[PDB]
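Starting off, we have a lone chain in the form deposited in one PDB entry, written out as structure tokens.
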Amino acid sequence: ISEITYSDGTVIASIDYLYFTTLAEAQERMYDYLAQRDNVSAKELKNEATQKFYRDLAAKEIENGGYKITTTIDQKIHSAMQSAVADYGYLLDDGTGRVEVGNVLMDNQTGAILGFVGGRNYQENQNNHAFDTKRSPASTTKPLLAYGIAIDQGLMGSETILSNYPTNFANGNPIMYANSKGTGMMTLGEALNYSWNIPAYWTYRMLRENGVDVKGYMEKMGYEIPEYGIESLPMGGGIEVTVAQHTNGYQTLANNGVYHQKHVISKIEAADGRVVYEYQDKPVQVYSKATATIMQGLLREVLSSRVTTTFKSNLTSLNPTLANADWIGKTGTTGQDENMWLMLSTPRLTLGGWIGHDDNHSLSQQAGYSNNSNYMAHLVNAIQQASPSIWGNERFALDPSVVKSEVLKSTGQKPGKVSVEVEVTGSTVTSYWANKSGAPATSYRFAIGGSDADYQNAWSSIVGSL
């Protein structure tokens, strides 16, 4: 009799979401192994009939063999997550009909998946919202694809200034943030905490203009994106992802820039002990340690500022000791309020969460800000109750390689002469950089993005202050 087991060896079942997800993945590994065993070339595997036979063969082999499939799943934690969604899933319902949900809990140092939530109730709806449904990640794309890469390329630091002045897409439409056509200049921290859109637009524009290999970074983390020229890419335009894959992106940032490929199967052995498959770790430095650690600091403030999510307030009430762990994260909300995301990490673990409707109708305005945050606070509390040390008490900290520059608050660059020729001084602040030399001297166009009129307005204001 073949068996699927938890990480510690307890049998899940002989051969709900856990059964089918792990069985499906084991059937794929078995497929690759039987093909290679029988000396079938990848050429011959392009034949549709041959492929179909091998897929069926893999399924029957597990069915009738006596294999032991070891999963990465932690019995107590996964069982805690099930009870949490059973007991607290109703908190998601926001007056737009039953709300669906998916979550993935991943170890930051290995990529192993310790538990997940497939949906509200398998018995009523089988869709797997953790591994199967693909949806836009919205503003949770920003740290990975815009700001993270720009920092990594030495094109901004932690206190760099960006334009949030009104501007239009190529098609002529205003770039909107809810009902605001934008404001003025702002720090990277303010842009992240509020999730403003115009600054991310300008950052990704800067990457395109500089010919940065953005695709290089994203493909190293396993993302598939068809068109890298989309202006709204940092807003989640032109990208769709599963919760499991997107959790792998935040794993990379949390693990000091080092990607480990997500997995739910660690090993498959035959009855006699022959190892027919075993996960092989292939760590990749996607972002520098300086970059990753600088981003951890910015995402810490995203949660603490409580601007786009009530999560920390929800958690501090439920479990004040756990709220004092070093949480960082990012929210996302798509165009018609169709998808809400919240991604969370501590130094040890990352937990991705999505909510939305199977038929893509809109959620309420507050679904992501309040309901999902509350539900996810209950989820993290439940996981901690089942495994008290799992989140850990370590802090994220800046890597030694980070470069610290004294910069003007107003410009985000070093004090100096500028022609408007004028002497620019004032309040200064420490800015973190991931390059060699740190921040440049202040120049006239000091910010990421902005038009001529924007800068006149901006400088009018700075000069008025010396």
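Position 1 is the first residue in the sequence shown; the rest follow in order. Rigid core: the largest C-alpha set superposing within 1.5 Å between the two forms.
Asker: Using what the record says, work out whether there is a hole in the model between residue 420 and residue 421 and how many deposited residues it spans (none, 1 to 3, 4 to 9, 10 or more).
Answerer: In the deposited sequence, 1 to 3 residues between these two have no coordinates.
Asker: Quick one: classify how much of the deposited chain lacks coordinates between residue 15 and residue 16, choosing none, 1 to 3, 4 to 9, or 10 or more.
Answerer: The entry has a long gap there, with 10 or more residues left out between residue 15 and residue 16.
Asker: Mind pulling up the entry and telling me whether 270 to 278 or 217 to 225 has the higher mean Cα temperature factor?
Answerer: Taking the mean C-alpha B-factor of 270 to 278 and of 217 to 225, the larger value falls to 270 to 278.
Asker: Which is higher on mean Cα B factor in this entry, 58 to 66 or 29 to 37?
Answerer: It is 58 to 66.
Asker: Out of 327, 177, 147, 354, which residue has the highest Cα temperature factor in the PDB record?
Answerer: The listed residue with the largest C-alpha B-factor is 177.
Asker: Test of reading the entry: by CA B factor among the chain's modelled residues, which third contains residue 311?
Answerer: Bottom third by C-alpha B-factor.
Asker: Which third, lowest, middle or highest, does the C-alpha temperature factor of residue 338 belong to within its own chain?
Answerer: Ranked within chain, residue 338 CA B lands in the middle tercile.
Asker: By the recorded C-alpha temperature factor, relative to the other modelled residues in its chain, which third is residue 172 in?
Answerer: Ranked within chain, residue 172 CA B lands in the highest tercile.
Asker: Taking the entry's C-alpha B-factors for this chain, is residue 378 in the lowest, middle or highest third?
Answerer: Its C-alpha B-factor belongs to the lowest third of this chain's values.
Asker: Hey, what third does residue 165 fall into on Cα B-factor, ranked over its chain?
Answerer: Highest third.
Just so it is clear, the following notes concern the form deposited in another entry, a form of the same protein that is not shown.
Asker: Which one moved? Candidates are 401, 437, 427, 47, criterion is a Cα shift of 2 Å or more between this form and the one not shown after superposing on the core.
Answerer: Result of the comparison: 47.
Asker: Does residue 63 move appreciably between this form and the one not shown, meaning a CA displacement of 2 Å or more on the superposed rigid core?
Answerer: Shift of 2 Å or more: no.
Asker: Could you check whether the CA atom of residue 26 moves 2 Å or more between this form and the one not shown, using the rigid core for the fit?
Answerer: After core superposition, the displacement of the residue 26 C-alpha between this form and the one not shown stays below 2 Å, so no.
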